[PDB]
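Engineer: Below: one structure in structure tokens.
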Amino acid sequence: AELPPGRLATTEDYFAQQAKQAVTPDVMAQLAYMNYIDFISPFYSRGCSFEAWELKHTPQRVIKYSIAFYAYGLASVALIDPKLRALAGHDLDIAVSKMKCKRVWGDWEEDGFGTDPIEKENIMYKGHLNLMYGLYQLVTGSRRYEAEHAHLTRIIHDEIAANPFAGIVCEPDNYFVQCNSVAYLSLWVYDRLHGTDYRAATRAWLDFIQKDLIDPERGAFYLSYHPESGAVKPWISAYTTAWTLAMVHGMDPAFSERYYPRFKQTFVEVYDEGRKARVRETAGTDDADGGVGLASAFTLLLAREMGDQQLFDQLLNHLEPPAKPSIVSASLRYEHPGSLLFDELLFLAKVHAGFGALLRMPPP
Amino acid sequence: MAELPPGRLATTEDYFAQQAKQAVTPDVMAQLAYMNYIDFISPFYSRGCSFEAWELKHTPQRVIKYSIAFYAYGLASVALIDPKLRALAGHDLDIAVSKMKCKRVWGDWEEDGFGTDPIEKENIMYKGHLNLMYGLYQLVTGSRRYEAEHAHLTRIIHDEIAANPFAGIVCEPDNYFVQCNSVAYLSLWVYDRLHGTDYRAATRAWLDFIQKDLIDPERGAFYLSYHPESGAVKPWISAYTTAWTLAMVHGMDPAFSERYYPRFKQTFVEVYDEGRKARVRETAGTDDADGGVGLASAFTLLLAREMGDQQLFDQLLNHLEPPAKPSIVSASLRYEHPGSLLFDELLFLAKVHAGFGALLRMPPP
Amino acid sequence: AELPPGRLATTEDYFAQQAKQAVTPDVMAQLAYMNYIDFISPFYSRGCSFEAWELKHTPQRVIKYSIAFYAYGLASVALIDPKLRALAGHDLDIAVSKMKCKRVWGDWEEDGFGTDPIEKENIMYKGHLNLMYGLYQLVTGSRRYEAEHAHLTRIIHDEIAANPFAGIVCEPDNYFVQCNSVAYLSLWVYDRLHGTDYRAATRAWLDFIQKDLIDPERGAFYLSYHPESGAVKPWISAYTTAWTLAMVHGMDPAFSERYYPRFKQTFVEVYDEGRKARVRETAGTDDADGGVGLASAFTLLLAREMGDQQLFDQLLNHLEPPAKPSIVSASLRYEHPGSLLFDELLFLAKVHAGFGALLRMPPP
Amino acid sequence: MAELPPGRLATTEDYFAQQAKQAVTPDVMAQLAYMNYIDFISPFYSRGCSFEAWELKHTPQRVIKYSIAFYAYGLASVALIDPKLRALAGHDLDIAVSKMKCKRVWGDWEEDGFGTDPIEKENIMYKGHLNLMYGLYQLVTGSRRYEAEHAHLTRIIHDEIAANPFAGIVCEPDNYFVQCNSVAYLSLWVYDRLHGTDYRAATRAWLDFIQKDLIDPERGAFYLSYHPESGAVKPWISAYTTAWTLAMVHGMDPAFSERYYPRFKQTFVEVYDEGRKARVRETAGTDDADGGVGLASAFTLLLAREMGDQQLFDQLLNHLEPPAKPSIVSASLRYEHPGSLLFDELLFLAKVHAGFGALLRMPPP
Amino acid sequence: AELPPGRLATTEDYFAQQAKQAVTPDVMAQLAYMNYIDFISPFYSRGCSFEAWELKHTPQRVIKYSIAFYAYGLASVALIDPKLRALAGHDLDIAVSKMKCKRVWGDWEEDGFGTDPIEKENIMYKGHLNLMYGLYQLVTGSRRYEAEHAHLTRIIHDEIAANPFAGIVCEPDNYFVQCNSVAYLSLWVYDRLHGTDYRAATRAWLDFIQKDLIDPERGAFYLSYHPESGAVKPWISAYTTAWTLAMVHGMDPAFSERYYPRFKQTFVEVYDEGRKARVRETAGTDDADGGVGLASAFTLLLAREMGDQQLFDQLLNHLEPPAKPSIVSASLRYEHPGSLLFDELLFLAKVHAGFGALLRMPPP
């Protein structure tokens, strides 16, 4: 109802986009940032050109995440406004094209892990890619990437079936729940499109991650698991948990519903007389947004996914005003982005229709 | 028309009278000196694949092709203005073509992953400018030095237009830009003038096409781009896109540009400083001038010239030139604060531009 | 005990970790620095990636020492707290993996000494590697590296047997007692694991180093020995001595016990009314921490090994407060590390359970 | 002539009297110490393909050939001035020729895409200076060390002049410069002096050719360049081009330069500071001095010397030297603030220069 | 015997080292600079590693001179203190090893003169190398390099016999008397060790350099001679003369005794009430230390060679105090070295026992 200080649109306005069949003017300005300027906008062309990311100082290892989060937001744009669905589809085609460039996945080879980023392991990369293939096809109805999608889904399914633990590692011997969450969601999306049952593996996964990987009282996942030693790194992680619960809510909403109030009690600090909120990254600290610095931004996405308007408003009042948004020539820019992936994650949270709603996207 | 405005080098009346006087203004001559004078570092020092002039101005690689082409367009009008500079213009156009073919210029096509050959398909911004340049070189000089290449490229363009389900050719795969097409189509008109052929016949279907989803008739403005694989049109209108397109189209179908020009002005042009100045908004729904690539005002200067709109030309040049702080040192022009990319190139072109139709009708040497 | 100014935990608390079966909170915060943040933490993955060391400006030639000192501390963490044994094992797996990357050992080739860093000489590198292979296996029970450990132990043993002096050189014609000390301890660890007697060569080594290499009155080793000429560089070195006596105390405690009081009288300056201590690197100077700048930090390790709580306290009061530790988001950082290898050596000294206790580590 | 002006090292009378006294001035000697003294970093330390001296002065690569050549030309006059320095001069010329052949010097030809061989065709600025240097080396020394190469290069030059439809040879393809040709032609005169041949006969047709569209005979000034493919001449007159050209031509056809010299002065030379100083505008239609490559005043100093114009020499050197803040430290000369490229080279050359005709007539060793 | 301001030891103390069989403490601190710190000290190892020189910004072309001058000093340390003889030998072994690295001699190839630095010409490089081979063997008694020494001596002898002028050039056509003086001394040393008569060539050389290459009234050599033109660069050079007279004094003491007083009159300025002296590099100037900047430092060496304590004292008072020596952790450093090769040449002059005394060094 009331526009908070430094905000571009109300929480109510974000949540009402889909009912209005229109994105807010600031979301439109973000899409302009994404698409407008020749050569340097991130969605200018399908080529293996990364000038947009160079200009933002994106570290190489983060590029795959930036593209994927953009793609996730774009899928919701398509659902919100039928008149932007073709644009969204176009941008998703670009996203998938760029994602396959060696500048994006080549860390796998440079780090010594292999020359092929798909064949085994590396689930953060190939999970996102497989989700993107599916969202592109849900938005557009095009089979342009279906051959590849059929292949990658099967690699994923086969690697899950072959592993003694439920899921797939990233680097060899590094297991992350948040990266697996994306891979499993990608199976749901393939099943929606094809009528298959690759998603049947999800139960065993949800059982596995609720053992040593979770503190069920705190509603929080541990940082990682390492199959060769059986070790779990003994610190709970807010950003890990927020991202994971958000994606799991589209598969097993009960799971996320169970842990969500505990997660909030463990990590979320409300401040400024109830107007704002910020998220501690681990236990035993008062500091917010430690570690990779993304706890509050992923919690914004979680709040959106769970329909928690009050927490969404508090978090965006913490994140957005200090970053000093402006809209210049109808395009959005932030003078002081507070983290990596800033515009990407604020975009995604502003539009996000729910993973379950994306799974149910009506045909074009 | 005839009082010299603050910070200006010559009056708008003087620019518009160059052809009648058969002489360029002294500042245009000073720009030609910047272009030609100093060993090794002037842009038109030699035909080699050397780009020191552009290194010194910090031209981004992707922009070089545009810089060369806009110089070439201006040089063709110099040839028409002053017969005594026609040979110099021909010389510079020979260099422009030579440099345009260097891999430093076109090599982004390969680096981006689109192909090793920049002519064979797509890439119409590059090859459209190249083809127009081949034609202008030959109109100016009467030389057939590049005719074999011109005959080949013209036919690749024509064939690609015939094979496409939409009217025209893409740049990057799946990126269609009306402005880049406008240059390719004009190149056909120039080939026809020189050869007596009818490649220009394809222009009608193109003008029909762009007046569908690609134009907003209320605003006399083209949308940013079209993307054939999805059928998407990026839903923002673009001033610099429009200005450039209407300017080139006015040499092919003057009525088309005349139809849209008053709308285009109302949509994008802000007159300010009590009527003395004007600046151009790049898109709708903003008060800001010169957003995006930052070239709206400079391409509108070209359009104003093409349309004979002396008042708007004067207003725009009053906005653009004085803050850039021109000076002429040793009879050569420099700007202390160029306001955009392609600044000296576009202010040169607008000052000399005789009209695309007049260039098509250039008398033989 | 009282917490001294600028300190994170008391000396009593460090010395009590093993009895409490728990690391202090600041040691845990160091382990979080080591393990927490994606890509940039030193123990993020097994890959040949060194971002953590790039961020700290570690000179190439120091990387091998950094890894090894971390590994030595990790072995003690395994002994302190059974619940961190799996984590420690995991980190040691990473340490061994990284230690084998050419970024770590490649100076050997770049300097012109050979393309293979194991086959001969180069005992600083291969001695640490061999000790690490053993510690990994004591901590984990895993044979992952046993084939390599068997091979390397035999190269070391053979090279010792073939040399006319007791031990092995680093660069050709450069003999250092500290580097040899690590190699010899590696034989003791191999013997613990396998039931062999490679450690029998230790007696002749201890006899040899007590000739021209030691000033027995000062309880101090000379800098180096150079077999081709028979020269010994005629300056005594505190860091050399402190490291060597520390490792030797796990093999022949009497040897170190004999020299330790003399070493202290030779090099250690107590100051600030008995609260602090700092160590001179050589004789004939009043300056502390000359040379490689590690005399006080290695003496901290020695004091821990010898059970000298008062000197430990004094040295840590000199070293830690000016480096301005803080714990941010439950992870330790120093604003002003006073030397190379700073966080590594303060970690190691805080947790070190004694080289003899590591040799005796009970099975998992 | 004989009061020492402010900031000067020696009087004009003293420079002009060197040859009559058989002794260089102390500042010239200090320059020769700069050139020869310090291990590794002096420019004439050794024959090797090392360029530290030029690295320390920030000489651009493309300028190195010119620096070596101008040193060589000054060294030839040193040999004539003082017999007791003739052997040193010869030694330095041996080094100059050696260095001139190093790829760091001529490699721009290949990097710019014009060929792997810098001698075979075109590239007359390089190979003209090289050919003149071979000749001066041999006049100074009597040595045939480079005679086989000199006979070859002289013939390549002669053949290329005979095969061209215009009189002379280009630098980069299609770039004709009169100053670069003047050096090539003078090289033929030197070869003829040494061998008794008549390659210099081609000079008459050259002097006729450069007096057509390449000259403004009323202003006594040459245009910047000629471009044989188009026939264009770049329409700006150039002071440095003219001063250099007239200086070299005065050793071949003294009447040619005597004709144009007063006109050249009126066109370009500004006397200032109550008659004590002079500075040279690079082109017409400006008040600015030393624009362009920044060498008009320094080449005019050389011309004044060649023409025996002591007053103008004095005025120019009063403009050039004092602000550059010479000092002599440990009997070696340095400038704190050289005012242009090639500064110490051109001031050296102008201080010693005995006249190109006199170099042609150098007595045997 | 009074210690002058800013000096580390008295002139009397330097000159008395050999009688006391001990180096002064500051010379010992220089030897610590040279030998102490891992990796970065110049005499750390025999490898082709040049960190020490990188840290002092030594130009590539100067490295060969630095190593040689260190080696010359080291030979006198051997003679001063029998207890440092083994160390000196060790360092000389390193010096020879380094001298052979392409980083040291590779300018010869980069300049276009050839791929082999000893086959012909290049007498500055190969003269120093040959002298070094001989000093190494005098100090140590070792034949480690004898095969190479026998070959190089014979290449030098053959080249002298084949030339129409007495000696050998450096770069083609560049003849320097100082570079020849080192080659000729190398033949004396070979003869001492082997009983041969390669030194018989010396007489014709001493005759030759006293023609157009010397101004006998001024006691000064010209800069260089250029056989192809017969030119002599017409400026006399103090550093050239000082270095040449110093080495010749070990072969024909009368030659240097003849010219020495003239050399001083020509180039040496006594100042500061007789306390200091500084050397002009050429005639017709008042400025000191022009050109390569080494006139005063090579005159320091000459004064030492000639036994001229007063001039030695005066020069060292000019050179050392402004360079602001300090000894930190028993190792010497200069804050403001006044020239290239500064620590090397002050080291050499402080220890130098006389070239004739080095030729007469007793066996180990």
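Chain labels run A, B, ... following the order of the structure tokens; each chain numbers its residues from 1, and ligands are numbered from 1 in the order shown.
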Show me, as a count of residues only, the residues that have an atom within 8 Å of residue 153 of chain D when counting only C-alpha atoms, minus same-chain residues fewer than 6 positions from it.

Structural biologist: 3

Engineer: If we count only C-alpha atoms and set the cut-off at 7 Å, which residues sit around residue 296 of chain D, ignoring sequence neighbours fewer than 4 positions away in its own chain? Please answer as a short mmCIF file (atom, residue, chain, number, x, y, z; two decimals) with N, CA and C atoms, in the first residue's frame.

Structural biologist:
data_model
loop_
_atom_site.label_atom_id
_atom_site.label_comp_id
_atom_site.auth_asym_id
_atom_site.auth_seq_id
_atom_site.Cartn_x
_atom_site.Cartn_y
_atom_site.Cartn_z
N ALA D 239 55.67 22.72 -43.86
CA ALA D 239 56.99 23.37 -43.60
C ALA D 239 58.11 22.38 -43.38
N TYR D 240 57.90 21.37 -42.53
CA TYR D 240 58.96 20.42 -42.28
C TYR D 240 59.33 19.61 -43.56
N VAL D 280 58.58 28.23 -36.55
CA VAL D 280 58.07 27.90 -37.87
C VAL D 280 56.70 27.26 -37.79
N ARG D 281 55.75 27.82 -38.53
CA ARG D 281 54.40 27.25 -38.60
C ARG D 281 54.52 26.05 -39.55
N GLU D 282 53.81 24.98 -39.25
CA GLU D 282 53.87 23.75 -40.08
C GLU D 282 53.06 23.81 -41.35
N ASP D 290 55.05 24.81 -35.15
CA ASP D 290 55.44 23.44 -34.86
C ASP D 290 54.32 22.46 -34.63
N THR D 300 63.94 23.43 -40.21
CA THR D 300 64.31 24.76 -40.75
C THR D 300 65.69 25.18 -40.23
#

Engineer: Need the shell around residue 95 of chain E: protein/DNA/RNA residues with any atom at most 12 Å away, counting only C-alpha atoms. Skip same-chain ones fewer than 2 positions apart. Format as a ChimeraX atom specification?

Structural biologist: /E:34-35,42-50,63-75,88-93,97-101,104,128-129,131-133,135-136

Engineer: Go ahead and save the residues from that selection, with C-alpha atoms, as a PDB file, in the first residue's frame.

Structural biologist:
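Now in selection.pdb:
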ATOM      1  CA  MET E  34      75.210 -12.768   0.771  1.00  0.00           C
ATOM      2  CA  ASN E  35      74.412 -16.152   2.302  1.00  0.00           C
ATOM      3  CA  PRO E  42      72.584 -14.228  -3.827  1.00  0.00           C
ATOM      4  CA  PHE E  43      74.520 -17.269  -2.653  1.00  0.00           C
ATOM      5  CA  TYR E  44      71.508 -19.348  -1.631  1.00  0.00           C
ATOM      6  CA  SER E  45      72.023 -22.070  -4.245  1.00  0.00           C
ATOM      7  CA  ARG E  46      73.759 -23.157  -7.407  1.00  0.00           C
ATOM      8  CA  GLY E  47      70.518 -22.862  -9.389  1.00  0.00           C
ATOM      9  CA  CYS E  48      69.794 -20.455 -12.264  1.00  0.00           C
ATOM     10  CA  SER E  49      67.767 -18.348  -9.917  1.00  0.00           C
ATOM     11  CA  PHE E  50      68.449 -14.558  -9.639  1.00  0.00           C
ATOM     12  CA  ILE E  63      74.760  -9.476 -13.389  1.00  0.00           C
ATOM     13  CA  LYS E  64      78.010 -10.946 -14.764  1.00  0.00           C
ATOM     14  CA  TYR E  65      80.004  -8.123 -13.126  1.00  0.00           C
ATOM     15  CA  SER E  66      78.175  -8.495  -9.780  1.00  0.00           C
ATOM     16  CA  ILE E  67      78.954 -12.188  -9.603  1.00  0.00           C
ATOM     17  CA  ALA E  68      82.593 -11.683 -10.601  1.00  0.00           C
ATOM     18  CA  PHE E  69      83.190  -8.913  -8.070  1.00  0.00           C
ATOM     19  CA  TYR E  70      81.665 -10.980  -5.340  1.00  0.00           C
ATOM     20  CA  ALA E  71      83.935 -13.838  -6.392  1.00  0.00           C
ATOM     21  CA  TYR E  72      86.984 -11.636  -6.297  1.00  0.00           C
ATOM     22  CA  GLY E  73      86.170 -10.554  -2.742  1.00  0.00           C
ATOM     23  CA  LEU E  74      85.424 -14.097  -1.673  1.00  0.00           C
ATOM     24  CA  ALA E  75      88.930 -15.166  -2.709  1.00  0.00           C
ATOM     25  CA  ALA E  88      84.279 -18.853   0.568  1.00  0.00           C
ATOM     26  CA  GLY E  89      84.891 -21.993  -1.550  1.00  0.00           C
ATOM     27  CA  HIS E  90      81.213 -22.858  -1.364  1.00  0.00           C
ATOM     28  CA  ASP E  91      80.185 -19.398  -2.470  1.00  0.00           C
ATOM     29  CA  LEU E  92      82.720 -19.480  -5.335  1.00  0.00           C
ATOM     30  CA  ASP E  93      81.235 -22.786  -6.477  1.00  0.00           C
ATOM     31  CA  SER E  97      77.511 -22.121 -11.429  1.00  0.00           C
ATOM     32  CA  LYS E  98      75.448 -18.919 -11.720  1.00  0.00           C
ATOM     33  CA  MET E  99      77.891 -17.268 -14.052  1.00  0.00           C
ATOM     34  CA  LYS E 100      77.140 -20.094 -16.564  1.00  0.00           C
ATOM     35  CA  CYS E 101      73.365 -19.487 -16.627  1.00  0.00           C
ATOM     36  CA  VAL E 104      73.938 -13.977 -17.224  1.00  0.00           C
ATOM     37  CA  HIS E 128      85.766 -13.053 -15.698  1.00  0.00           C
ATOM     38  CA  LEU E 129      84.533 -16.670 -15.971  1.00  0.00           C
ATOM     39  CA  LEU E 131      89.440 -15.906 -13.587  1.00  0.00           C
ATOM     40  CA  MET E 132      86.646 -17.300 -11.460  1.00  0.00           C
ATOM     41  CA  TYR E 133      87.416 -20.916 -12.453  1.00  0.00           C
ATOM     42  CA  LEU E 135      90.120 -18.554  -8.010  1.00  0.00           C
ATOM     43  CA  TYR E 136      87.652 -21.349  -7.174  1.00  0.00           C
TER      44      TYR E 136
END

Engineer: Identify, on the basis of only C-alpha atoms, every residue whose closest approach to residue 120 of chain E does not exceed 9 Å; exclude the query and any residue fewer than 5 positions from it along the same chain; express the result as a short mmCIF file (atom, residue, chain, number, x, y, z; two decimals) with C-alpha atoms, in the first residue's frame.

Structural biologist:
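Done, and the output landed in selection14.cif:
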data_model
loop_
_atom_site.label_atom_id
_atom_site.label_comp_id
_atom_site.auth_asym_id
_atom_site.auth_seq_id
_atom_site.Cartn_x
_atom_site.Cartn_y
_atom_site.Cartn_z
CA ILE E 155 90.43 -20.57 -26.26
CA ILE E 156 91.73 -17.30 -24.78
CA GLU E 159 92.52 -15.96 -29.73
CA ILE E 168 90.73 -9.92 -27.38
CA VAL E 169 87.59 -7.81 -28.12
#

Engineer: If the cut-off is 12 Å, can you tell me the residues of chain D near chain B, counting only C-alpha atoms? I'd like them as a short mmCIF file (atom, residue, chain, number, x, y, z; two decimals) with C-alpha atoms, in the first residue's frame.

Structural biologist:
data_model
loop_
_atom_site.label_atom_id
_atom_site.label_comp_id
_atom_site.auth_asym_id
_atom_site.auth_seq_id
_atom_site.Cartn_x
_atom_site.Cartn_y
_atom_site.Cartn_z
CA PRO D 60 58.90 5.45 -30.86
CA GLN D 61 59.83 2.42 -32.96
CA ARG D 62 58.88 4.05 -36.25
CA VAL D 63 61.30 6.97 -35.49
CA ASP D 108 57.38 -1.96 -39.07
CA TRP D 109 57.32 -2.74 -42.78
CA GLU D 110 56.46 -6.40 -42.03
CA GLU D 111 54.24 -5.67 -39.00
CA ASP D 112 52.14 -3.28 -40.99
CA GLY D 113 51.51 -5.98 -43.62
CA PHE D 114 53.61 -4.57 -46.46
CA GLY D 115 56.16 -7.37 -46.89
CA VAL D 170 56.68 5.40 -52.67
CA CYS D 171 57.00 4.75 -48.96
CA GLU D 172 53.90 2.73 -47.94
CA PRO D 173 52.10 1.55 -51.06
CA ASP D 174 50.50 4.53 -52.77
CA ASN D 175 52.10 7.15 -50.46
CA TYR D 176 54.62 9.41 -52.20
CA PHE D 177 56.62 11.93 -50.10
CA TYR D 223 52.27 19.67 -50.35
CA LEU D 224 52.20 16.90 -47.83
CA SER D 225 52.00 13.88 -50.16
CA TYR D 226 51.04 12.46 -53.54
CA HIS D 227 49.06 9.30 -54.19
CA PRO D 228 49.77 7.78 -57.59
CA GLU D 229 46.75 5.48 -57.81
CA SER D 230 44.30 8.44 -57.63
CA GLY D 231 46.68 11.20 -58.67
CA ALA D 232 45.58 13.10 -55.50
CA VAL D 233 47.79 15.48 -53.65
CA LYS D 234 46.86 16.09 -49.98
CA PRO D 235 45.98 19.75 -50.18
CA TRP D 236 47.99 21.21 -47.25
CA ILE D 237 51.48 22.68 -47.60
CA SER D 238 54.06 21.41 -45.07
CA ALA D 239 56.99 23.37 -43.60
CA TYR D 240 58.96 20.42 -42.28
CA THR D 241 58.50 18.57 -45.62
CA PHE D 268 56.21 29.78 -42.68
CA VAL D 280 58.07 27.90 -37.87
CA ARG D 281 54.40 27.25 -38.60
CA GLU D 282 53.87 23.75 -40.08
CA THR D 283 51.09 24.68 -42.54
CA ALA D 284 49.19 27.59 -43.97
CA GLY D 285 46.14 29.26 -42.38
CA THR D 286 47.41 29.06 -38.78
CA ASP D 287 49.40 31.14 -36.30
CA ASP D 288 50.48 28.07 -34.35
CA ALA D 289 54.19 27.00 -34.57
CA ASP D 290 55.44 23.44 -34.86
CA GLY D 291 52.15 21.66 -35.40
CA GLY D 292 51.88 18.27 -37.09
CA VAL D 293 54.88 16.04 -36.41
CA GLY D 294 56.36 19.04 -34.49
CA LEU D 295 59.55 19.31 -36.54
CA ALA D 296 59.14 22.42 -38.69
#

Engineer: Based on the backbone DSSP call, show me all residues of segment 86-272 of chain E assigned alpha helix (DSSP H), as an NGL selection string.

Structural biologist: :E and (86-99 or 102-105 or 107-110 or 123-140 or 146-162 or 177-194 or 202-209 or 238-249 or 253-267)

Engineer: Taking the DSSP secondary structure from the backbone, can you list the residues of segment 191-310 of chain E that are strand (DSSP E), as a PyMOL selection string?

Structural biologist: chain E and resi 214-215+220-221+225-226+231-232+268-271+276-279

Engineer: Go through E:191, E:287, E:305, E:146 and flag the residue nearest residue 244 of chain E, using only C-alpha atoms for the distances.

Structural biologist: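 Distance minimum relative to residue 244 of chain E lands on E:305.
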
Engineer: Residues near segment 24-28 of chain E, anyone? I mean within 10 Å using only C-alpha atoms, not counting same-chain ones fewer than 4 positions away, as a tab-separated table (two decimals) with N, CA and C atoms, in the first residue's frame.

Structural biologist:
chain	number	residue	atom	x	y	z
C	234	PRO	N	78.36	-20.21	8.76
C	234	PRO	CA	78.75	-20.03	10.12
C	234	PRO	C	77.84	-19.15	10.93
C	235	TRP	N	76.53	-19.19	10.75
C	235	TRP	CA	75.67	-18.36	11.59
C	235	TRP	C	74.68	-19.39	12.19
C	284	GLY	N	74.59	-12.28	17.99
C	284	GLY	CA	75.32	-10.99	17.72
C	284	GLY	C	74.42	-9.88	17.28
E	7	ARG	N	80.95	5.71	9.35
E	7	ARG	CA	81.70	4.50	8.95
E	7	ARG	C	81.41	3.34	9.88
E	8	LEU	N	81.55	2.12	9.37
E	8	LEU	CA	81.33	0.93	10.14
E	8	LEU	C	82.58	0.40	10.81
E	9	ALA	N	83.74	0.58	10.20
E	9	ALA	CA	85.00	0.17	10.80
E	9	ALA	C	86.08	1.08	10.28
E	10	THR	N	87.22	1.13	10.99
E	10	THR	CA	88.30	2.03	10.58
E	10	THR	C	89.10	1.41	9.42
E	13	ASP	N	91.45	-1.08	10.65
E	13	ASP	CA	90.81	-2.36	10.82
E	13	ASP	C	90.67	-3.16	9.53
E	14	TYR	N	90.31	-2.52	8.43
E	14	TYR	CA	90.24	-3.25	7.16
E	14	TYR	C	91.63	-3.77	6.78
E	16	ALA	N	94.08	-4.48	8.58
E	16	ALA	CA	94.63	-5.43	9.55
E	16	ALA	C	93.89	-6.81	9.57
E	17	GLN	N	92.84	-6.97	8.78
E	17	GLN	CA	92.08	-8.23	8.77
E	17	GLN	C	92.98	-9.48	8.58
E	20	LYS	N	95.08	-10.26	11.59
E	20	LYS	CA	94.29	-10.76	12.67
E	20	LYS	C	93.61	-12.07	12.36
E	32	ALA	N	76.76	-12.34	5.53
E	32	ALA	CA	75.39	-12.73	5.90
E	32	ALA	C	74.35	-12.27	4.90
E	33	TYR	N	74.41	-11.03	4.45
E	33	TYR	CA	73.58	-10.62	3.35
E	33	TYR	C	73.71	-11.61	2.21
E	34	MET	N	74.95	-11.96	1.89
E	34	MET	CA	75.21	-12.77	0.77
E	34	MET	C	74.65	-14.17	0.89
E	77	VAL	N	88.56	-13.23	1.23
E	77	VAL	CA	88.03	-13.73	2.52
E	77	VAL	C	88.73	-15.07	2.86
E	84	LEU	N	86.90	-19.27	7.45
E	84	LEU	CA	85.89	-18.97	6.44
E	84	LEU	C	86.25	-19.47	5.04
E	325	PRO	N	74.47	2.84	5.56
E	325	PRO	CA	74.54	1.43	5.97
E	325	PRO	C	73.73	1.20	7.25
E	326	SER	N	73.12	0.03	7.37
E	326	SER	CA	72.79	-0.45	8.71
E	326	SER	C	72.94	-1.96	8.78
E	327	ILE	N	73.14	-2.43	9.99
E	327	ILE	CA	73.23	-3.85	10.24
E	327	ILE	C	72.01	-4.25	11.06
E	330	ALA	N	72.26	-8.75	12.20
E	330	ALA	CA	73.66	-9.11	11.85
E	330	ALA	C	73.94	-9.21	10.34
E	331	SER	N	73.14	-8.51	9.54
E	331	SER	CA	73.23	-8.51	8.09
E	331	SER	C	73.24	-7.09	7.57
E	332	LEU	N	74.09	-6.82	6.62
E	332	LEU	CA	74.31	-5.43	6.17
E	332	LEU	C	73.39	-5.05	5.05
E	346	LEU	N	82.10	-2.25	-2.63
E	346	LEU	CA	82.56	-1.90	-1.26
E	346	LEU	C	83.02	-3.14	-0.50
E	347	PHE	N	82.35	-4.28	-0.73
E	347	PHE	CA	82.77	-5.55	-0.18
E	347	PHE	C	84.18	-5.90	-0.65
E	348	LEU	N	84.37	-5.90	-1.97
E	348	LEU	CA	85.62	-6.25	-2.54
E	348	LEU	C	86.76	-5.34	-1.99
E	350	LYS	N	86.95	-3.66	0.78
E	350	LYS	CA	87.16	-3.84	2.19
E	350	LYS	C	88.04	-5.03	2.46
E	351	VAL	N	87.87	-6.11	1.67
E	351	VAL	CA	88.61	-7.38	1.93
E	351	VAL	C	89.86	-7.60	1.13

Engineer: Counting only C-alpha atoms, what is within 10 Å of residue 275 of chain C, bar same-chain residues fewer than 6 positions away, as an MDAnalysis selection string?

Structural biologist: chainID C and resid 4 310:311 313:318

Engineer: Residues near residue 126 of chain A, anyone? I mean within 9 Å using only C-alpha atoms, not counting same-chain ones fewer than 6 positions away, as a ChimeraX atom specification.

Structural biologist: /A:117-118,152,156,183

Engineer: Can you measure atom CA of residue 7 of chain B to atom CA of residue 347 of chain B for me? One decimal in Å is fine.

Structural biologist: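 Answer for the atom CA of residue 7 of chain B to atom CA of residue 347 of chain B separation: 14.5 Å.
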
Engineer: Could you work out how far atom CA of residue 121 of chain D lies from atom CA of residue 169 of chain D, giving the answer in Å with one decimal?

Structural biologist: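 Interatomic distance, atom CA of residue 169 of chain D to atom CA of residue 121 of chain D: 8.6 Å.
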